[PDB]
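Below: the structure, in structure tokens.
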Amino acid sequence: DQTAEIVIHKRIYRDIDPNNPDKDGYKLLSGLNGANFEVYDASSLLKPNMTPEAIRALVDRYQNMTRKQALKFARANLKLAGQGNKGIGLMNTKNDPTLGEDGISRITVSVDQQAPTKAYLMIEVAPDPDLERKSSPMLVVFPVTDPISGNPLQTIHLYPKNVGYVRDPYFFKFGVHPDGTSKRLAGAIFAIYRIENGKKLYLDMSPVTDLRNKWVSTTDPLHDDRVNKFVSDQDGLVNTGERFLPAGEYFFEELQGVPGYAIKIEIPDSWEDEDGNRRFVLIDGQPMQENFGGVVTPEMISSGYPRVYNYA
């Protein structure tokens, strides 16, 4: 009879409802390939003529189970179902050349668009050979009417949540004259390196595949087009911007100083300690104000802190 398509969009979010790609309380990073899901026919969980409220109550029950709990239930009681890309009931996230998106996986399932008699339970399993894979058991109950048309949806889009821990270093470069006056310096050229295995590797311009940055050894970071450069702006701000870093120790290296004139970055592995106190990124030992969103605000720019002083 009738079929519908369920499309999983596996993406990576930052901390501070499976149908919303604009998850409230979360924000997209940069698609995540290699995630795997098992899909079970959960139609036997439904009753004829059940209310929308009863469906919502049922969806919440399964959504609030852990994945291990949901697999134990489904494996014992349900059967794999649906035409997935790895097999019956088996979904692997891949690049979608049509959508131009990573993290895509599509499964075709039999549905009843006239009455709620078909439902499917979707649970993430082990990925393909530091990330919190926080997807939940997703109970998809058909028909799902779209709000605009009042008609049942023929395609369901799901956006399971995976959360990556990252932070966003920045600082302001100021120049200080011997007479005590001072100003923001524009045009300072920086790169970022780390001391991996006793050698310097510089943060390169390679795309953020997954959550991972790529790192290169170089003989000449300033003119190597592969090495991401960070330029102080008219407010003196040197900002990682779209670039982020995971936990660890790194350095801002000045590659071209401002005419007339080794910054440590310490990134803690959590936002808060055991005692609820904020853990700061340190810039040359100075605590660096920071948002969960990692955006350098106008107030941070006006504040101008942390500042690095360059002597004429």
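Numbers at a glance
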read-out	value
Answer residue from segment 129-151, given it is in a loop (DSSP other than H, G, I, E, B) and among the polar types (S, T, N, Q) and is surrounded by the fewest Cβ atoms within 10 Å (Cβ to Cβ) among those	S149
Near pairs, Cβ below 6 angstrom, 6+ apart or cross-chain, from segment 67-83 (in a helix (DSSP H, G or I)) to any residue that is aromatic (F, W, Y)	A74/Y40
Single unsatisfied condition, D60 versus (1) surrounded by fewer than 17 Cβ atoms within 10 Å (Cβ to Cβ); (2) over 26 Å from the mean Cα position of the chain (by Cα); (3) assigned to a helix (DSSP H, G or I)	(2)
Hits in segment 236-245 - residues which are at negative phi and buried (at least 16 other Cβ atoms within 10 Å of the Cβ)	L237, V238, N239, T240, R243, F244, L245
Positions within segment 192-210 being among the aliphatic types (A, V, I, L, M) and within 23 Å of the chain's Cα centre (by Cα), in sequence order	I192, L203, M205, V208
Residue ID - farthest from the chain's Cα centre (by Cα), chosen from residues in segment 9-42 that are surrounded by fewer than 19 Cβ atoms within 10 Å (Cβ to Cβ) and among the small types (G, A, S)	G34
Qualifying residue in segment 200-220 (condition: closer than 22 Å to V258 by Cβ and part of a loop (DSSP other than H, G, I, E, B))	yes
Filter result (under 28 Å from the mean Cα position of the chain (by Cα) and of a type in the set (S, T, N, Q)) within segment 94-153	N95, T98, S105, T108, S135, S136
Number of positions in segment 258-284 that are surrounded by 15 or more Cβ atoms within 10 Å (Cβ to Cβ) and closer than 30 Å to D225 by Cβ	8
Count of residues meeting criterion [within 15 Å of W271 (Cβ to Cβ), surrounded by 14 or more Cβ atoms within 10 Å (Cβ to Cβ) and small (G, A, S)] in segment 289-312	1
Matching residues, segment 163-189, being under 24 Å from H223 (Cα atoms), of a type in the set (A, V, I, L, M, F, W, C) and under 26 Å from the mean Cα position of the chain (by Cα)	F171
Residues that are part of a loop (DSSP other than H, G, I, E, B) and in contact with a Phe, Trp or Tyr (Cβ under 6 Å, 6 or more places away or on another chain), drawn from segment 221-239	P221, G236
Any hit, segment 101-124, residues being more than 26 Å from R11 (Cβ to Cβ) and assigned to a strand (DSSP E or B)	yes
Failed item, numbered, when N49 is tested on (1) under 23 Å from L211 (Cα atoms); (2) assigned to a loop (DSSP other than H, G, I, E, B)	(1)
Considering residues of segment 152-179 that are hydroxyl-bearing (S, T, Y) and not in a strand (DSSP E or B) only, the residue surrounded by the fewest Cβ atoms within 10 Å (Cβ to Cβ)	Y165
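So that you can scan it fast, the table gives a plain yes or no per residue for (1) over 23 Å from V163 (Cα atoms); (2) among the small types (G, A, S):
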| site | (1), (2) |
| --- | --- |
| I263 | yes, no |
| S270 | no, yes |
| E274 | no, no |
| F280 | no, no |
| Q286 | yes, no |
| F292 | no, no |
| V295 | no, no |
| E299 | yes, no |
| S303 | yes, yes |
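Values in this text are rule-based calculations from the coordinates and carry no lab data. Using ideal geometry, Cβ is built from the backbone for each residue, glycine included, and neighbour counts are taken over all protein chains shown.
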